[PDB]
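Before any comments, here is the structure.
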Amino acid sequence: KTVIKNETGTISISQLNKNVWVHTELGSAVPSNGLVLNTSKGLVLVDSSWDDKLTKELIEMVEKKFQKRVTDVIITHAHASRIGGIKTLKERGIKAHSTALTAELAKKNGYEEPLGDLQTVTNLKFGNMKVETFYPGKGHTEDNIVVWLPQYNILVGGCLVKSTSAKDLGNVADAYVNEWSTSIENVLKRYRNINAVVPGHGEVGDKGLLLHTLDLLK
Ligand SMILES: [Zn+2]
Ligand SMILES: [Zn+2]
């Protein structure tokens, strides 16, 4: 349960295992989760943060702690909490992976564009760490993807998946509340044995988070 914070408390990292940490940052207090993957080829993040200021501080914190460079980031949809640090990634030579749809939504909303290199299912490998990206369909947004670590049976649900303490769906202005249930069932069908589920906001849980989200959709 190792947790490491910055001075202000606005950024922390919590270890899930030897090589996998959750990163959490507070936007102004509104927390957002992503992952830090400690691989033999460098650090890989799932999602950046709310803005360039937090993204820079997050990168500098993990580079110092883990003593390697952030080389890659997976952006799970085109909202500020996920893509807000894209300028920083691009100017530092950090590869920002996304689906084609996320990239064009980024451009549409005036953000710099991530790579658009992810397909519906993409299998990546960073050093010895295997990473699968999966587009399950529309939900929280039209473009939301989930990230699976097959060596750990860890799912990063992103904002597609609500934490136990969430009592509503959050901001639904860009959401597809009919499709969202089917998209969650697609995740449950694909990943039948889940060890941990990381929601976009709130505490890490298990498969029960996906069932909770279905309940919130009723
Ligand atoms: Zn969002
Ligand atoms: Zn969210």
Side-chain angles (χ1 to χ4, degrees), residues 10-14 21-36 45-55 58 73-89 96-114 116 118 133-148 154-184 186-187 196-205 208-217:
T10 59
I11 299 174
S12 51
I13 54 173
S14 340
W21 299 60
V22 180
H23 72 83
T24 306
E25 308 78 52
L26 285 168
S28 33
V30 191
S32 182
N33 299 323
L35 282 195
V36 186
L45 314 173
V46 182
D47 288 324
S48 71
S49 196
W50 304 91
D51 58 23
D52 288 293
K53 194 188 165 198
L54 289 161
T55 298
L58 167 62
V73 174
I74 296 155
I75 302 296
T76 64
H77 64 281
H79 276 164
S81 63
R82 314 297 150 186
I83 208 177
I86 186 65
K87 186 180 160 94
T88 295
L89 307 182
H97 304 277
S98 80
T99 61
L101 182 57
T102 298
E104 47 188 64
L105 288 168
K107 175 171 191 202
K108 201 186 192 180
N109 295 318
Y111 282 119
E112 288 177 29
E113 280 183 68
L118 307 177
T133 71
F134 179 47
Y135 179 64
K138 308 183 212 198
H140 163 76
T141 56
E142 92 173 286
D143 61 318
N144 52 208
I145 57 165
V146 299
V147 178
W148 177 242
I154 295 168
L155 182 70
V156 186
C159 305
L160 185 74
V161 184
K162 325 320 286 184
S163 73
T164 301
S165 53
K167 310 305 195 199
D168 59 58
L169 297 164
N171 198 300
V172 296
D174 298 330
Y176 293 79
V177 298
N178 285 297
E179 283 92 333
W180 196 333
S181 290
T182 300
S183 305
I184 281 152
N186 289 346
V187 175
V197 178
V198 185
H201 313 268
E203 297 269 46
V204 174
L209 296 191
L210 298 157
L211 313 184
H212 177 59
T213 305
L214 295 168
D215 192 57
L216 287 172
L217 285 154

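In listed order, ligands and their atoms are each counted from 1. Quick note: residue numbers are just sequence positions, from 1.
- The backbone N or O of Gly84 sits nowhere less than 3.5 Å from a side-chain atom of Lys87 that would complete a donor-acceptor pair.
- A donor-acceptor pair shorter than 3.5 Å cannot be found between the side chains of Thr141 and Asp174.
- Classified by interplanar angle (parallel below 30°, tilted 30° to 60°, perpendicular above 60°), the ring pair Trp180/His140 is perpendicular.
- A donor-acceptor pair under 3.5 Å links the side-chain atoms of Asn144 to the main chain of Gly137, judged by distance alone.
- Protein N/O/S atoms closer to the Zn ion (ligand 1) than 2.8 Å number 3 in this structure.
- In this structure, the side-chain hydrogen bond (donor to acceptor under 3.5 Å, both in side chains) partners of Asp52, at least two apart in sequence or on a different chain, are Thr88.
- Considering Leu160, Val198, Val146 in turn, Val146 is the only one that fulfils the side chain to side chain contact (heavy atoms under 4.5 Å, CB included) rule with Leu155.
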